[PDB]
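Here are two versions of the same chain, shown separately as structure tokens and labelled structure 1 and structure 2.
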Structure 1
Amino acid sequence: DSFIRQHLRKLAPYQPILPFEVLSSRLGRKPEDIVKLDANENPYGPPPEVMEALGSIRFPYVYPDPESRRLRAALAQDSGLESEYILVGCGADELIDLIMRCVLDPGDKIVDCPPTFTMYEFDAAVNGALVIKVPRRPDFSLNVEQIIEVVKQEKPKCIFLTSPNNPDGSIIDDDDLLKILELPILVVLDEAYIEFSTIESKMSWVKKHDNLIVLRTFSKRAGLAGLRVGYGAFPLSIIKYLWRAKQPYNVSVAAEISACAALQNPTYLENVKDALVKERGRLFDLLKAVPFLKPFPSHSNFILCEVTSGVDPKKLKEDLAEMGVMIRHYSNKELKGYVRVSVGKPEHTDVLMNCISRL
């Protein structure tokens, strides 16, 4: 019969997403004319050094460095954590999956704290693991007491935790993280959006906690989502094995070159971050005034809104799409009641609010 592993034959069907190019064609506008606020992308783009570097790639025909050592050296200088603790992935997505592939045998358990990033549950399913859900509270904070009780009874192997969280943007306090780190469990802290907050990265904590991994990305603040480059800090006892199991060449030459070039312009990275943080506050106030939207406070580059007053979130997202504005709506049953608006340029917010007014 089928060659496909049984657990994968039970996966959810594929969900094709409307590319913003097709929508632009459908609406009769250029792709650049779409206001795209649905994927937490940085509309300012990366520092100018990036496209200059990508246009002058010397060795596109040669395999990349399997150790990504130039970027790791730049990240060690940037972070203050030695390169021996740092892995580079094809996005942070590769590192999430690599951790699960290297830690979870089929039937092993992980804890997830929804509502959160859908890739943790997806990767768990693909890897044959079981997810134990410990939901966050209505303010999106972790229920540490429930996490502790569940971990002690079920003895899961890992827990993935996003901070600032996707999709609401709240942060995990140091106290809560330390309490969870006392448990005999591998804690993966996803700091994808940390640069939009005033909280310091916990990369260096991996030297004191052999059950902590910290993940980061270039896809958001650094504006390189297309090029596929992320990284993480790992205890030495873990990274030795991840190096041996990692695919040799998933980090492309374009990925390594672009990330290195981005790090050469710290002023740009800081300035675009500050522009997005400033616009986050303005957008939050504007969304709060909409009678049928309840925005939540955020430390990221996006704002989650509960849709109230009997308004249909899916119809809202679709109506805005007809006007050339893309926001995030969810099919996951936990988040169907919300929409998420990414922070863009001030003119993007203005277009959004003008469209909301018409609706």
Structure 2
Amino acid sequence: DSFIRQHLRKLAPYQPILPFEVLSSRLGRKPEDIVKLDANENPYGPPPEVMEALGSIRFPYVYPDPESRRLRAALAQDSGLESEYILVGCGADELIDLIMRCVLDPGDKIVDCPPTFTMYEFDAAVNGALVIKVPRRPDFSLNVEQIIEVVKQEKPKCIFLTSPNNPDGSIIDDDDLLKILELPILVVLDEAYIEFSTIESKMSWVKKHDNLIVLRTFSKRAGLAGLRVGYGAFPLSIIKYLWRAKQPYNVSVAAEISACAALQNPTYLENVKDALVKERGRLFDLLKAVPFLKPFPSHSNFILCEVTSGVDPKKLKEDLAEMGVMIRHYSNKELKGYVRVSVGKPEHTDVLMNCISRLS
């Protein structure tokens, strides 16, 4: 006997990560003495305009703009896409869930391509949808032929596709995306890490494909993960319904103000992106030399390593955490054989390699 819906009674929970203040208690270290490479956060922080704006919020006691129109105007200029195509969310996480709750009736089907962002499987479960897993190949590329086959057989309503992918950082070729867009399915391209690549954003494609959505975030390159602000490009025929169903005030005044302030400093954003891309190469080479790690090529701000040579990947992550360095390990069957190392400052890499050298 419970008021809870049946499909939620055995829901597998999401496995989130924990911030510095909580880690400090668990690890017995001050925050400045913890190297945190488990959530793809930008260790340089956001542009200095952000903390100046956050400290001078004029109307914290007034509800935010339900249309986030100031930020959407800035995103229209930034992206080259008109503001009528743009929604802002409490993170891109809000938009992932919003799409599912507006498109998937209970029992509808969604395609997922693991190993990938585990939020898609979680959100599908919360929304009562049924996941069709079409695994990526060993090089993390999409199996386009099998996607076509399952779409024909089972008529799923949507597919989420990360590029650069989390957790390996590989990109989806234009021709693969175009082949999938020919299918009668809603395609959600998640460009959370696109700024770390030389590939252009496909936001503009939504004007030519009424079955494409493109999602973006301020949480990674822009250094605003704590403030919860993301956005996306949507076809006009979809966005009109999403506006009606979207919660009025999930995008806070701090979120809108911080994102607008970050966009005032393109030089800072480019410089921190370039520093992280440079360190990614140095980190890759250092990890490759470790005998029990096999890193994969990446276009993001993280490097995935297969853990080899009989080394226990979970124990590796736990041992490193005890030494003060956090990397990411997932328990999902598709991911548990890897660890994912975010790119930080050069000194963060140096601490990680020092800790690796003292293992066992």
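Numbering for residues begins at 1 and runs along the sequence of structure 1. We call the rigid core whatever largest set of C-alpha positions still superposes within 1.5 Å between the two forms. Only residues modelled in both forms are compared.
Here the rigid core is superposed between structure 1 and structure 2, and of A39, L27, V311, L54 the C-alpha of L27 is the only one to shift by 2 Å or more. Shown in the overlay between structure 1 and structure 2, fitted on the rigid core, is a CA shift at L11 smaller than 2 Å.
After superposing on the rigid core, the C-alpha of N250 is displaced by 0.2 Å between structure 1 and structure 2. Once the rigid core is aligned, the segment that moves between structure 1 and structure 2, defined as three or more consecutive common residues whose C-alpha shifts all reach 2 Å, runs 13-29 and is the only one.
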